[PDB]
Amino acid sequence: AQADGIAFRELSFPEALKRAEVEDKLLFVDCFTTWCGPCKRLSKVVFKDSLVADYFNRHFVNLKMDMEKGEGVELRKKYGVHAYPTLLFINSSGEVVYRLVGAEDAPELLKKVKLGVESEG
């Protein structure tokens, strides 16, 4: 059996914004720490579901952002990293709508995504 899931692309900051605009809209910035840790856990369970992957890959433009190289230090300091996995939901304008600090289980994660982009009250 062979099934994969979410696969983030890797391109530079200018390329990211440009690609978001041209491909569709919105940039899903996967910020990870060199530690890895939970990153592979999500890669295990979440990166097997076609629906969760499709929703992310289609409704956003995916990007894996470095935190050790590639000007990562600025985003690290400016967006306030606290742990290892950090998800940044950013518009093509270069403004974030929500900073997800931490990682929870797949259903909860998907939930946090929606609540971050479209906050109900």
# chains A, B, ... in the order shown; residues from 1 in each chain; ligands from 1
>>> residues_around(residues="stretch 1-18 of chain A", least_positions_apart="3", cutoff="6 Å", atoms="only C-alpha atoms", output="PyMOL selection string")
chain A and resi 21+47-50+53+62-64+92
>>> residues_around(residues="residue A:66", least_positions_apart="5", cutoff="10 Å", atoms="only C-alpha atoms", output="count of residues only")
14
>>> residues_around(residues="residue A:90", least_positions_apart="4", cutoff="9 Å", atoms="only C-alpha atoms", output="ChimeraX atom specification")
/A:26-29,94-99
>>> write_last_selection(atoms="N, CA, C and O atoms", output="PDB file, in the first residue's frame")
ATOM      1  N   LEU A  26      -3.273  32.752  -0.807  1.00  0.00           N
ATOM      2  CA  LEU A  26      -2.950  32.318   0.553  1.00  0.00           C
ATOM      3  C   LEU A  26      -1.699  31.455   0.601  1.00  0.00           C
ATOM      4  O   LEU A  26      -1.442  30.634  -0.280  1.00  0.00           O
ATOM      5  N   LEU A  27      -0.919  31.652   1.643  1.00  0.00           N
ATOM      6  CA  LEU A  27       0.310  30.914   1.820  1.00  0.00           C
ATOM      7  C   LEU A  27       0.295  30.189   3.158  1.00  0.00           C
ATOM      8  O   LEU A  27       0.128  30.809   4.212  1.00  0.00           O
ATOM      9  N   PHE A  28       0.448  28.878   3.112  1.00  0.00           N
ATOM     10  CA  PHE A  28       0.526  28.083   4.320  1.00  0.00           C
ATOM     11  C   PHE A  28       1.988  27.831   4.658  1.00  0.00           C
ATOM     12  O   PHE A  28       2.642  26.978   4.053  1.00  0.00           O
ATOM     13  N   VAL A  29       2.496  28.594   5.613  1.00  0.00           N
ATOM     14  CA  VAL A  29       3.909  28.558   5.950  1.00  0.00           C
ATOM     15  C   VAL A  29       4.179  27.579   7.080  1.00  0.00           C
ATOM     16  O   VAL A  29       3.860  27.847   8.242  1.00  0.00           O
ATOM     17  N   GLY A  94       1.149  39.365   2.367  1.00  0.00           N
ATOM     18  CA  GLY A  94       2.265  39.237   3.281  1.00  0.00           C
ATOM     19  C   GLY A  94       1.883  39.523   4.720  1.00  0.00           C
ATOM     20  O   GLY A  94       2.744  39.799   5.557  1.00  0.00           O
ATOM     21  N   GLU A  95       0.592  39.454   5.012  1.00  0.00           N
ATOM     22  CA  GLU A  95       0.103  39.638   6.374  1.00  0.00           C
ATOM     23  C   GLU A  95      -0.508  38.339   6.884  1.00  0.00           C
ATOM     24  O   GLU A  95      -1.224  37.655   6.152  1.00  0.00           O
ATOM     25  N   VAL A  96      -0.218  37.991   8.129  1.00  0.00           N
ATOM     26  CA  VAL A  96      -0.751  36.769   8.706  1.00  0.00           C
ATOM     27  C   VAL A  96      -2.121  37.026   9.316  1.00  0.00           C
ATOM     28  O   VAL A  96      -2.389  38.110   9.843  1.00  0.00           O
ATOM     29  N   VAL A  97      -2.995  36.042   9.215  1.00  0.00           N
ATOM     30  CA  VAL A  97      -4.315  36.141   9.814  1.00  0.00           C
ATOM     31  C   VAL A  97      -4.336  35.435  11.161  1.00  0.00           C
ATOM     32  O   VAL A  97      -5.148  35.753  12.035  1.00  0.00           O
ATOM     33  N   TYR A  98      -3.417  34.494  11.331  1.00  0.00           N
ATOM     34  CA  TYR A  98      -3.353  33.694  12.541  1.00  0.00           C
ATOM     35  C   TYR A  98      -2.016  32.971  12.621  1.00  0.00           C
ATOM     36  O   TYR A  98      -1.521  32.449  11.618  1.00  0.00           O
ATOM     37  N   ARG A  99      -1.422  32.980  13.801  1.00  0.00           N
ATOM     38  CA  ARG A  99      -0.206  32.229  14.056  1.00  0.00           C
ATOM     39  C   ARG A  99      -0.508  31.049  14.957  1.00  0.00           C
ATOM     40  O   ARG A  99      -0.873  31.224  16.119  1.00  0.00           O
TER      41      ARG A  99
END
>>> closest_residue(among="A:19, A:116, A:105, A:111", to="residue A:61", atoms="only C-alpha atoms")
A:19
>>> select_by_dssp(residues="stretch 1-114 of chain A", states="helix (DSSP H, G or I)", output="ChimeraX atom specification")
/A:13-23,38-48,50-59,72-78,106-114
>>> select_by_dssp(residues="chain A", states="strand (DSSP E)", output="list in words")
residues 27, 28, 29, 30, 31, 61, 62, 63, 64, 65, 86, 87, 88, 89, 90, 96, 97, 98, 99, 100 and 101 of chain A
>>> atom_distance(atom1="atom CA of residue A:36", atom2="atom CA of residue A:100")
16.9 Å
>>> decode(residues="stretch 96-108 of chain A", atoms="N, CA and C atoms", output="short mmCIF file (atom, residue, chain, number, x, y, z; two decimals), in the first residue's frame")
data_model
loop_
_atom_site.label_atom_id
_atom_site.label_comp_id
_atom_site.auth_asym_id
_atom_site.auth_seq_id
_atom_site.Cartn_x
_atom_site.Cartn_y
_atom_site.Cartn_z
N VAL A 96 -0.22 37.99 8.13
CA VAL A 96 -0.75 36.77 8.71
C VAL A 96 -2.12 37.03 9.32
N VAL A 97 -3.00 36.04 9.21
CA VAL A 97 -4.32 36.14 9.81
C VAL A 97 -4.34 35.43 11.16
N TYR A 98 -3.42 34.49 11.33
CA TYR A 98 -3.35 33.69 12.54
C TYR A 98 -2.02 32.97 12.62
N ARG A 99 -1.42 32.98 13.80
CA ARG A 99 -0.21 32.23 14.06
C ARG A 99 -0.51 31.05 14.96
N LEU A 100 -0.35 29.85 14.42
CA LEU A 100 -0.63 28.65 15.19
C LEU A 100 0.64 28.17 15.87
N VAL A 101 0.69 28.36 17.18
CA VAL A 101 1.85 27.97 17.96
C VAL A 101 1.60 26.61 18.61
N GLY A 102 2.22 25.59 18.04
CA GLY A 102 2.06 24.25 18.57
C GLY A 102 1.37 23.34 17.58
N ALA A 103 1.29 22.06 17.90
CA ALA A 103 0.65 21.10 17.03
C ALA A 103 -0.26 20.19 17.84
N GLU A 104 -1.47 20.02 17.35
CA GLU A 104 -2.44 19.14 17.99
C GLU A 104 -2.84 18.05 17.01
N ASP A 105 -3.75 17.17 17.41
CA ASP A 105 -4.11 16.02 16.58
C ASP A 105 -4.84 16.48 15.32
N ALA A 106 -4.82 15.65 14.28
CA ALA A 106 -5.32 16.01 12.94
C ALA A 106 -6.66 16.78 12.95
N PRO A 107 -7.74 16.22 13.55
CA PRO A 107 -9.05 16.91 13.59
C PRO A 107 -8.97 18.27 14.28
N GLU A 108 -8.19 18.33 15.35
CA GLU A 108 -8.00 19.56 16.10
C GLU A 108 -7.19 20.56 15.28
#
